[PDB]
């Protein structure tokens, strides 16, 4: 039987759940897939509001798990997994096993350098550069009996807004698409959206392939997908809770547990260097696990031929603290129900749990906030790490891992998303490493929360950094990082970030007994409910400072390359963001946005992001369960 929950906060979870599932609100598509946001004029990570992301699906899982906890009905949780497998994990028609089974574990992929400016792409493949061997493929094919990968592709054009359709048909939905392809300086405003399944039917002569990669021969028709590791790890985390809560009620979500465990098994691909180069010795091809950094890197990607049979897989050399999930790592390495079928699954996750906690500690600034991360590939070309750069297991410290436009660790959101998982681990196990990280981090953030007399509040929005952490030495541990400092540049009222912050502080307060954390958490939840509630969940008016880029951001296109988007928009040198997405001019908010830009004002919007609304719903449920009185 489930323990008693605080009725006030449980009612708030239930109300939010109803608003989110309400057909009249429009959070979901006709096929039952959650959109990034109700509003369509939306550019920030995805570039259209009605795409879905693996991030959104993992939050949909978390929300349903919590609903099962309070309603005793888990059919909604099972459906969230059913929709995920059907639409976001490439089926056998999407990643043909005829091509995947031709994968060579001794030569996973061909090397190509990464560049610091989009104008340097396409990147040339070089078969002469070393690539290490993949030690886990044989464990996976043996356990699952297929060469296909079981992980979520990160983004999906749900209603076929771009027009690529399914597997080049131009009319089916949903449509697997990708955007980012050209390095750290390619922001969301600088991409050329392309289909994951490229048969050369759209774009240029060879589809969109030769805009990004250059091979010696003529480009082959091919498919390719990219995982967002933090999303798949959150799927495991949510499923573990669904399992606990269901068992407390004599119910079962067994089939969903099996899918989550399999997902966590394939997620181990994010533990490896991009081209399987030895960690700390980037010039050398790895011989197996010496190429594993054991952290959740920015991605793992795979692809292969459509017209011929071949395939490749790559991990990622770049690591950000914001993606780590020590809670998911503890579940997969210690809980018997979540033990992966592969021979080394549970043990690799046990190594990752230890490595991740060391990574967070190495990165903790003098004040408490967590710094960026590290990379095993300097400048994305395995260049020499400049002297004086501190390192973690041979990997050089990077202030803003992967992206510089804008910096990936300048947004406060990463702090709460990632520390929330540490709070859960601490709550369940009382781990000393987790406690040490949280005591300092929570002291830092509790001094940055500002409540106003009118009931509104502000938390850090944009942050900046100075210095670097001291080189990590595992036998000596944290030095205090006196030379690494965080600076809060400005404050804001991001409701998704505040809900995640409330969740983190609630788990931490329930275990540590810290009253300040508990009352700050409750004041954040009350403030949001009482002053930011609306008919669709919660919202506030926010400035869209980068929206001028719709009209003025030039998109790089190689000299002489011309092609067309499915709707006829011409892709060629000179185009702006809006030129290859002309359908946006039909958006209901378009004229309003443009009128503001014309008058020299910053456009504003009232947004209902799926992840933010679910975050607030879950934050209320966590509080109802941990503080029942």
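Positions refer to the first chain, counted from 1.
With 490-498 and 386-394 compared on mean CA B-factor from the PDB entry, the stretch scoring higher is 386-394. The mean C-alpha temperature factor is higher for 12-20 when 12-20 and 609-617 are set side by side.
Ranking 355, 221, 433, 234 by Cα temperature factor from the entry places 433 first. Per the deposited coordinates, the residue with the largest Cα temperature factor out of 521, 482, 346, 152 is 482. Ranked within its chain, residue 35 lands in the lowest third, by CA B factor from the PDB record. Split the chain's modelled residues into thirds by C-alpha temperature factor. Residue 50 is in the lowest one. Residue 324: CA B factor in the lowest third of modelled residues in this chain (values from the PDB entry). The entry lists a Cα temperature factor for residue 61 that places it in the lowest third of the chain's modelled residues. Placement of the Cα temperature factor of residue 74 within the chain: highest third of the modelled residues, per the deposited record.
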